[PDB]
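J.: Sharing a structure here in structure tokens format.
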Amino acid sequence: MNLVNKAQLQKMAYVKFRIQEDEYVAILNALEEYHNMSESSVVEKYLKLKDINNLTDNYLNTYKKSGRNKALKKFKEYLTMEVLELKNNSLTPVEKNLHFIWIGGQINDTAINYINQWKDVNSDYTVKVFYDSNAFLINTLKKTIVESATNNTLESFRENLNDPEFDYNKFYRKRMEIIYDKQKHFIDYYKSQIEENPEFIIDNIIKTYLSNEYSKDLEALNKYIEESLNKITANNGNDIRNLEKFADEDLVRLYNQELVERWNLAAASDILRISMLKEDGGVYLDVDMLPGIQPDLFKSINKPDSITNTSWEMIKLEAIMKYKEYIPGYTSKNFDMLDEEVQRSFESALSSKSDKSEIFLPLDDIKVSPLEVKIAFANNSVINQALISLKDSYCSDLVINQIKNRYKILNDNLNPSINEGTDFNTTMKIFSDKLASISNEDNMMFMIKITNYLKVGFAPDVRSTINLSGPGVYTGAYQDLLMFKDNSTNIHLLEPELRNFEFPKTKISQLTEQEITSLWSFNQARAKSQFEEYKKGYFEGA
Ligand SMILES: O=c1ccn([C@@H]2O[C@H](COP(=O)(O)OP(=O)(O)O[C@H]3O[C@H](CO)[C@@H](O)[C@H](O)[C@H]3O)[C@@H](O)[C@H]2O)c(=O)[nH]1
Ligand SMILES: [Mn+2]
Ligand SMILES: [Mn+2]
Ligand SMILES: [Mn+2]
């Protein structure tokens, strides 16, 4: 897995009596100077490989029938290997910052209690919980608009309840058409106000809108902000509106897009986390992630063979929150399925244990490369609920560029679709066709997955965020890194190649209670589940 020499590569690509072409010589020279660079920075060493990989397929593009090509395709694979080598030999401990994000509303006690677990166990880490002091009223506003649409949709249902295909499917379809119109009425309002006075604060536009159009009480809203700001200050609150240099004005624009217009706090958070990791360095976590459990704790307790590796890891946590009681309310439903003598095997190991540090594994020194961003896995796929990156890392720029490039395709096609259409149905048809007209082999999948963007948060199985700002943008970045590209969208990296970038697994417990629920999306089950409730709030009332 060592990178071949000039002379060694020459053996590989040797064709008897063939002229040494300029494009070939160029490759060999450049490979020579890479091996005479060993003092340089990792990033600089990566960039030299990237030029070497560009000179190589220039050769291949030039001589498509050259008897050198086979060997040179293999060379390209060794370049890929060399990246992993540079990565694996450039590890260094991350900045000891620990990031969380809660925006668009008041932080709940459930999040703070999960966060506090991290704080207690990591003295040497600066816990920062980013919030947006200008935007406490996003969730409120969406809750009101969604509310109004639900109701209107249900009034056009008051004599069709029992059948036929007025099921939960038709409810969302038709609710969405109303949500879109109402949402657009607000956006148009917000946008005209910002033209008026650019200094205007998001929440101030929001309250004026809520009081004028939906009869909300000004005072109640100002007290909600005041409380929300109070709570988060009390809890290591870092206001983003206080920071100066961080702002990538492009990212800020898209951060604002997801926060104010789309009301996707998860998307907004996807955007803010990578920006903060880049500027600050460290470890990012979702507020529903708990720390890793100490290896040796339950090592002497053998997993009952009829029980999954997953449920056991899940029990391991519930066992902690039964006896030690760090989080009040934490489920033990799975723990109670166990045999008495095994339940007492857990009481036994949790007996002679003093500090929370002997229970949860502290993060300590986490080693990472400048060339990478480490990421959590769930079900043999990356998931960005947990990230690690050095300040100003190369791969963070790749991630940020993936986001921008994807939003450029989105916005360039969506914005005019918004302007040309006269309702939800027409906008979606214009958007769908515009993406069709510019779709090809290398982006078709991406186009399909972002087609339903305007539906995010309002309808079941809507997953566009994943491929704009979430996991997809990381696997995209990893393909950029390994394959030497800047445009990766058609993914060909398999799990074991993606596993190079994994969050160290012993240093996180992903399988918590709060993770079971999602706040930006929902599946078909929950959709049906709460169609019943909304409907059942029409016979049951005051
Ligand atoms: O009102 C909200 C709601 C969510 N969030 C943020 O959203 C993040 C994740 O929310 P979660 O409820 O866990 O949604 P998931 O269904 O788990 O979202 C998945 O998909 C998203 C990718 O778009 C990622 O943000 C998440 O890491 C990933 O777990 C949280 O940590 C918060 O930072 C807010 O700030 N305010
Ligand atoms: Mn009063
Ligand atoms: Mn810093
Ligand atoms: Mn989650």
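Naming works like this for the structure tokens: A, B, ... for the chains as they're shown, residue 1 at the start of each chain, ligands 1 onward in shown order.
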Using only C-alpha atoms, determine which residues lie at most 8 Å from residue 291 (chain A), disregarding the query and same-chain residues fewer than 2 positions distant; provide the list as a PyMOL selection string.
T.: chain A and resi 117-118+289+293+360-362+507-509
J.: May I have the selected residues written with C-alpha atoms, as an mmCIF file, in the first residue's frame?
T.:
data_model
loop_
_atom_site.group_PDB
_atom_site.id
_atom_site.type_symbol
_atom_site.label_atom_id
_atom_site.label_comp_id
_atom_site.auth_asym_id
_atom_site.auth_seq_id
_atom_site.Cartn_x
_atom_site.Cartn_y
_atom_site.Cartn_z
ATOM 1 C CA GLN A 117 -24.429 13.910 30.577
ATOM 2 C CA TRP A 118 -21.737 14.997 28.126
ATOM 3 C CA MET A 289 -27.157 11.445 21.498
ATOM 4 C CA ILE A 293 -20.658 3.296 27.823
ATOM 5 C CA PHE A 360 -19.848 6.774 30.643
ATOM 6 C CA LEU A 361 -16.625 6.783 28.636
ATOM 7 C CA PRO A 362 -15.121 10.300 28.451
ATOM 8 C CA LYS A 507 -17.264 6.835 22.347
ATOM 9 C CA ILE A 508 -20.980 7.317 21.653
ATOM 10 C CA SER A 509 -24.335 5.652 22.399
#
J.: Give me, as a tab-separated table, each residue of chain A that comes within 8 Å of ligand 3, together with its shortest interatomic pair and the distance in Å at one decimal, counting only C-alpha atoms and all ligand atoms, with rows ordered by chain and rising residue number.
T.:
residue	atom	partner	partner_atom_place_in_ligand_line	distance
A:95	CA	ligand 3	1 (Mn)	8.0
A:97	CA	ligand 3	1 (Mn)	7.6
A:279	CA	ligand 3	1 (Mn)	7.2
A:280	CA	ligand 3	1 (Mn)	4.4
A:281	CA	ligand 3	1 (Mn)	7.0
J.: Include N, CA, C and O atoms and write out the residues we just selected as an mmCIF file, in the first residue's frame.
T.:
data_model
loop_
_atom_site.group_PDB
_atom_site.id
_atom_site.type_symbol
_atom_site.label_atom_id
_atom_site.label_comp_id
_atom_site.auth_asym_id
_atom_site.auth_seq_id
_atom_site.Cartn_x
_atom_site.Cartn_y
_atom_site.Cartn_z
ATOM 1 N N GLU A 95 -9.583 19.855 18.360
ATOM 2 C CA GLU A 95 -9.845 20.911 19.320
ATOM 3 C C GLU A 95 -10.911 20.391 20.279
ATOM 4 O O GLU A 95 -11.863 19.726 19.868
ATOM 5 N N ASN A 97 -13.600 21.193 21.655
ATOM 6 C CA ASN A 97 -14.904 21.834 21.671
ATOM 7 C C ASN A 97 -15.954 20.784 21.423
ATOM 8 O O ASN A 97 -15.740 19.851 20.651
ATOM 9 N N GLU A 279 -15.002 26.434 11.434
ATOM 10 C CA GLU A 279 -14.500 27.605 12.128
ATOM 11 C C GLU A 279 -13.911 27.269 13.492
ATOM 12 O O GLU A 279 -12.867 27.803 13.866
ATOM 13 N N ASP A 280 -14.576 26.370 14.220
ATOM 14 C CA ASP A 280 -14.229 26.100 15.613
ATOM 15 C C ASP A 280 -13.403 24.836 15.840
ATOM 16 O O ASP A 280 -12.555 24.805 16.738
ATOM 17 N N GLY A 281 -13.652 23.804 15.038
ATOM 18 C CA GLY A 281 -13.056 22.479 15.256
ATOM 19 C C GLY A 281 -13.732 21.727 16.389
ATOM 20 O O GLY A 281 -14.263 22.331 17.312
#
J.: Could you give me, as a VMD selection string, every polymer residue with an atom at most 9 Å away from an atom of ligand 1, counting only C-alpha atoms and all ligand atoms?
T.: chain A and resid 100 to 107 111 130 to 131 138 to 139 263 to 273 285 to 289 383 to 386 463 to 472 514 to 522
J.: Please write out the residues within 10 Å of ligand 2 as a ChimeraX atom specification, counting only C-alpha atoms and all ligand atoms.
T.: /A:217-220
J.: Pull C-alpha atoms from the residues just selected and write them as a PDB file, in the first residue's frame.
T.:
ATOM      1  CA  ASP A 217     -50.980  37.850  21.362  1.00  0.00           C
ATOM      2  CA  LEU A 218     -47.888  40.102  21.155  1.00  0.00           C
ATOM      3  CA  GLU A 219     -47.141  39.894  24.871  1.00  0.00           C
ATOM      4  CA  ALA A 220     -47.348  36.076  25.069  1.00  0.00           C
TER       5      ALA A 220
END
J.: From the options A:45, A:434, A:408, A:73, which residue's atoms come nearest to residue 87 (chain A), counting only C-alpha atoms?
T.: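 Of all the options, A:45 lies closest to residue 87 (chain A).
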J.: Would you please give, as a list in words, all residues of region 268-499 of chain A that DSSP assigns to strand (DSSP E) based on the backbone?
T.: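 So, restricting region 268-499 of chain A to strand (DSSP E), we get residues 282, 283, 284, 285, 367, 368, 374, 375, 376, 377, 382, 383, 384, 385, 386, 387, 388 and 389 of chain A.
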J.: Residues as selected, N, CA and C atoms, written as a compact mmCIF listing (two decimals), in the first residue's frame, can you do that?
T.:
# COMPACT_ATOMS: atom_id res chain seq x y z
N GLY A 282 -13.74 20.40 16.32
CA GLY A 282 -14.23 19.61 17.43
C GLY A 282 -15.19 18.50 17.07
N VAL A 283 -16.15 18.28 17.97
CA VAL A 283 -17.09 17.17 17.90
C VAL A 283 -18.49 17.74 17.89
N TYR A 284 -19.29 17.38 16.89
CA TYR A 284 -20.69 17.77 16.88
C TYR A 284 -21.59 16.60 17.23
N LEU A 285 -22.65 16.88 17.99
CA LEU A 285 -23.61 15.86 18.36
C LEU A 285 -24.99 16.44 18.29
N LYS A 367 -8.38 11.44 17.92
CA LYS A 367 -7.42 11.67 16.85
C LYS A 367 -8.12 11.67 15.49
N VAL A 368 -7.85 12.70 14.71
CA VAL A 368 -8.46 12.84 13.41
C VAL A 368 -7.45 13.49 12.48
N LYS A 374 -14.77 12.76 10.54
CA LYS A 374 -15.29 11.48 11.03
C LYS A 374 -16.79 11.61 11.23
N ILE A 375 -17.53 10.53 10.99
CA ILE A 375 -18.99 10.54 11.00
C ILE A 375 -19.60 9.26 11.59
N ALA A 376 -20.75 9.39 12.24
CA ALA A 376 -21.46 8.23 12.79
C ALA A 376 -22.10 7.35 11.72
N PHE A 377 -22.25 6.07 12.04
CA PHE A 377 -22.93 5.08 11.20
C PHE A 377 -24.18 4.53 11.89
N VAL A 382 -23.57 5.97 6.58
CA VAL A 382 -23.19 7.12 7.40
C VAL A 382 -24.41 7.91 7.81
N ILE A 383 -24.33 8.53 8.98
CA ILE A 383 -25.37 9.41 9.47
C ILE A 383 -24.66 10.52 10.23
N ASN A 384 -25.05 11.76 9.96
CA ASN A 384 -24.32 12.93 10.44
C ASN A 384 -24.84 13.46 11.78
N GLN A 385 -25.49 12.60 12.56
CA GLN A 385 -25.95 12.96 13.89
C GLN A 385 -24.77 13.12 14.84
N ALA A 386 -23.57 12.75 14.37
CA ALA A 386 -22.34 12.87 15.15
C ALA A 386 -21.15 13.01 14.21
N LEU A 387 -20.41 14.10 14.38
CA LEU A 387 -19.32 14.44 13.47
C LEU A 387 -18.06 14.80 14.25
N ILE A 388 -16.90 14.59 13.64
CA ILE A 388 -15.64 15.08 14.19
C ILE A 388 -14.80 15.75 13.11
N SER A 389 -14.29 16.94 13.39
CA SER A 389 -13.40 17.62 12.45
C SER A 389 -12.48 18.59 13.13
J.: Among region 146-218 of chain A, which ones does DSSP place in alpha helix (DSSP H), written as a VMD selection string?
T.: chain A and resid 146 to 155 168 to 196 202 to 213 218
J.: With C-alpha atoms retained, could you export that selection as a PDB file, in the first residue's frame?
T.:
ATOM      1  CA  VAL A 146     -49.733  23.867   9.792  1.00  0.00           C
ATOM      2  CA  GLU A 147     -52.580  24.130  12.350  1.00  0.00           C
ATOM      3  CA  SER A 148     -54.672  26.474  10.144  1.00  0.00           C
ATOM      4  CA  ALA A 149     -54.238  24.192   7.113  1.00  0.00           C
ATOM      5  CA  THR A 150     -55.119  21.011   9.028  1.00  0.00           C
ATOM      6  CA  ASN A 151     -58.381  22.649  10.155  1.00  0.00           C
ATOM      7  CA  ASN A 152     -59.318  24.063   6.723  1.00  0.00           C
ATOM      8  CA  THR A 153     -58.583  20.652   5.187  1.00  0.00           C
ATOM      9  CA  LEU A 154     -60.847  19.061   7.812  1.00  0.00           C
ATOM     10  CA  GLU A 155     -63.765  21.427   7.107  1.00  0.00           C
ATOM     11  CA  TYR A 168     -54.920   9.794   5.558  1.00  0.00           C
ATOM     12  CA  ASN A 169     -53.240  10.010   2.114  1.00  0.00           C
ATOM     13  CA  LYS A 170     -55.755  12.494   0.705  1.00  0.00           C
ATOM     14  CA  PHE A 171     -55.517  14.559   3.909  1.00  0.00           C
ATOM     15  CA  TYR A 172     -51.844  15.412   3.424  1.00  0.00           C
ATOM     16  CA  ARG A 173     -52.114  15.841  -0.362  1.00  0.00           C
ATOM     17  CA  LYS A 174     -54.795  18.478   0.120  1.00  0.00           C
ATOM     18  CA  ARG A 175     -53.376  19.970   3.336  1.00  0.00           C
ATOM     19  CA  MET A 176     -50.086  20.558   1.517  1.00  0.00           C
ATOM     20  CA  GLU A 177     -51.842  22.628  -1.134  1.00  0.00           C
ATOM     21  CA  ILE A 178     -53.046  24.931   1.631  1.00  0.00           C
ATOM     22  CA  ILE A 179     -49.765  24.872   3.568  1.00  0.00           C
ATOM     23  CA  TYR A 180     -47.927  25.919   0.381  1.00  0.00           C
ATOM     24  CA  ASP A 181     -50.203  28.939  -0.238  1.00  0.00           C
ATOM     25  CA  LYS A 182     -50.043  30.105   3.400  1.00  0.00           C
ATOM     26  CA  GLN A 183     -46.282  29.491   3.595  1.00  0.00           C
ATOM     27  CA  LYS A 184     -45.796  31.502   0.394  1.00  0.00           C
ATOM     28  CA  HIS A 185     -47.920  34.364   1.808  1.00  0.00           C
ATOM     29  CA  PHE A 186     -45.531  34.616   4.765  1.00  0.00           C
ATOM     30  CA  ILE A 187     -42.337  34.364   2.640  1.00  0.00           C
ATOM     31  CA  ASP A 188     -43.553  37.143   0.370  1.00  0.00           C
ATOM     32  CA  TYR A 189     -44.274  39.237   3.462  1.00  0.00           C
ATOM     33  CA  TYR A 190     -40.875  38.501   5.042  1.00  0.00           C
ATOM     34  CA  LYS A 191     -39.011  39.206   1.823  1.00  0.00           C
ATOM     35  CA  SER A 192     -40.661  42.580   1.192  1.00  0.00           C
ATOM     36  CA  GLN A 193     -40.001  43.616   4.805  1.00  0.00           C
ATOM     37  CA  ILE A 194     -36.281  42.790   4.438  1.00  0.00           C
ATOM     38  CA  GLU A 195     -36.144  44.983   1.288  1.00  0.00           C
ATOM     39  CA  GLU A 196     -37.763  47.757   3.354  1.00  0.00           C
ATOM     40  CA  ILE A 202     -36.467  37.559  12.067  1.00  0.00           C
ATOM     41  CA  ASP A 203     -38.609  37.184  15.230  1.00  0.00           C
ATOM     42  CA  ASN A 204     -39.898  40.768  14.858  1.00  0.00           C
ATOM     43  CA  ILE A 205     -41.174  40.099  11.374  1.00  0.00           C
ATOM     44  CA  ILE A 206     -42.638  36.852  12.685  1.00  0.00           C
ATOM     45  CA  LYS A 207     -44.591  38.382  15.633  1.00  0.00           C
ATOM     46  CA  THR A 208     -45.999  41.220  13.470  1.00  0.00           C
ATOM     47  CA  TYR A 209     -47.117  38.521  11.020  1.00  0.00           C
ATOM     48  CA  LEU A 210     -48.610  36.239  13.698  1.00  0.00           C
ATOM     49  CA  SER A 211     -50.468  39.090  15.424  1.00  0.00           C
ATOM     50  CA  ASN A 212     -51.866  40.557  12.187  1.00  0.00           C
ATOM     51  CA  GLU A 213     -52.843  37.390  10.304  1.00  0.00           C
ATOM     52  CA  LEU A 218     -47.888  40.102  21.155  1.00  0.00           C
TER      53      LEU A 218
END
J.: What is the distance between CA of residue 72 (chain A) and CA of residue 9 (chain A), in Å to one decimal?
T.: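 The value is 8.5 Å.
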J.: Taking only C-alpha atoms and all ligand atoms into account, which of A:527, A:418, A:399, A:378 comes nearest ligand 4?
T.: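 Nearest candidate to ligand 4 out of A:527, A:418, A:399, A:378: A:378.
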J.: Any idea what's packed within 10 Å of residue 335 (chain A), counting only C-alpha atoms, ignoring anything in its chain fewer than 3 positions away? Could you give it as an NGL selection string?
T.: :A and (311-312 or 314-319 or 322 or 331-332 or 338-339 or 342-343 or 346)
J.: Which is closest to residue 142 (chain A) among A:351, A:26, A:260, A:70, if we use only C-alpha atoms?
T.: A:260
J.: Which distance in Å separates CA of residue 236 (chain A) and CA of residue 320 (chain A), to one decimal?
T.: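 These atoms are spaced 25.4 Å apart.
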J.: What is the distance, in Å and to one decimal place, between CA of residue 54 (chain A) and CA of residue 481 (chain A)?
T.: 13.4 Å
J.: Using only C-alpha atoms, pick whichever of A:252, A:27, A:229, A:7 has the shortest atom-to-atom distance to residue 59 (chain A).
T.: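 Using only C-alpha atoms, the shortest distance to residue 59 (chain A) belongs to A:27.
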